[PDB]
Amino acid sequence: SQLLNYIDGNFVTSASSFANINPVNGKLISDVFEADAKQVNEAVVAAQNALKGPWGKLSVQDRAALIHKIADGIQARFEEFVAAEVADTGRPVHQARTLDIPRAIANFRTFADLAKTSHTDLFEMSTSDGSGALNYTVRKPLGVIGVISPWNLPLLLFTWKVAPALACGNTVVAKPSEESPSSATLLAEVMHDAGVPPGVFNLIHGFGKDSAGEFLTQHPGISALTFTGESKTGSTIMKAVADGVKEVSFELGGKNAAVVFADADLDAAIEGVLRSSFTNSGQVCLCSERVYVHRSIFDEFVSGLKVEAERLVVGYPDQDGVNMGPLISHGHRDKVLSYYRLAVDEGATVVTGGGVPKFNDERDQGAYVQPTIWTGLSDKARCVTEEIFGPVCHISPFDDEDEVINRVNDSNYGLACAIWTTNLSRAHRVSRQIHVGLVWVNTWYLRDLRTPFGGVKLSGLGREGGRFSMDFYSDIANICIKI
């Protein structure tokens, strides 16, 4: 099986290729052609030209209809997209089917609808001569949007950027993660088959440094770079586009906390922290890797979580009651197991997990690890401060509300937090004091595409979602008429 770039309406190979590997069993899924600098230039230029072609002449309404057509096309190939996400990543099929693929479809439909409903502003003003002036704003396409995305929820995060970009009338050059190229390549097929004009959507495959990703970031022809990934990568990209002063929007790492207050529904909080720590095998940017539980219920919480964690089924994506697939790759697993050893070196108690399961079948050639809970580290331990991106959490007791707020906030990251409490005042009083972009109370990972989304501190720069997307992916121009 082979995955080509899609540039100016044509699927094309490249001089070099790389392997896409199935993390479940370590087997080759496909060969992926790595776009070189010459090909990235071709994509950007094609995207610049497409802005002046038929795409650029579409009414907002016709543009929106075509985008609903893109979504219809994904839906018409639903299970192919499910199979592509699962193969690349080891994601349980049930989660790809009910969450990932429908959300990627919803991304297109929501931003197409926002495109149709969105409007801008009128400001009247007085002038010296008494005749007045009017200032009105308009939204125009920003230009060519460079999209660079990660491997953890590949189609969802890719379309989260591509949908608003296109809804705002931009053209796109998009570089998915080398670990998860397939569903982006299928999306290119859907675009083609839907009649999306050539150059409007371009797909380039490859890596970051000295590859497609870096070349995209360096190209003078883009107007913006939108990015989801590691904070360090964000910094590198920000430096790269600096001379061009390109617009930038970054969703970066986190080390998210969950707080369980004494008045929590304890069984629910146990279930919720279980989901927030081990969903996608801890490979969601929104996962909790630090947990704070009031001292009065600490021991009961930890015992309860251990029992639930140990009932998790780790195995095949379509295995009967499977809860966790593997990590994305052998390389990522090396990093996570290296953090497993560090926790022990730092003096953790391993409440459960802390190694890899033994399957005695092909899964032993994949990249699985066990769900893991630690106890007994200090707030300054590396395993409590650094993002691990695996199925892990450290649990720590606390006594006082102001205390735990400060401890949650004591971080260079600030993406998300989940809080468990049945008390009205506490929910609102505490939530507003947490230094993050997103707080959930008594739940986790609930998303409404209308809301602003982003992080603070090292977890990002800017916000997207709803009108924040419509603003980021557009030129906002002011036109002032003297009457």
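Numbering starts at 1 and runs along the sequence shown.
- Mean CA temperature factor is higher for 13 to 21 when stretches 13 to 21 and 468 to 476 are set side by side in the entry.
- The deposited model assigns a higher average Cα B-factor to 347 to 355 than to the other stretch when 347 to 355 and 180 to 188 are compared.
- In this structure the maximum Cα B-factor among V291, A96, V369, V162 is found at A96.
- The maximum CA B-factor among the listed residues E247, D121, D265, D88, taken from the PDB record, is found at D265.
- Among the modelled residues of its chain, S425 has a C-alpha B-factor that falls in the middle third, as given in the PDB entry.
- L377: CA B factor in the highest third of modelled residues in this chain (values from the PDB entry).
- In the deposited entry, the Cα temperature factor of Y339 places it in the highest third of its chain's modelled residues.
- When the CA B factors of the chain's modelled residues are split into thirds, the value for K116 lands in the highest one.
- Residue-level temperature factors show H435 in the lowest third of its chain, judged at the C-alpha atom.
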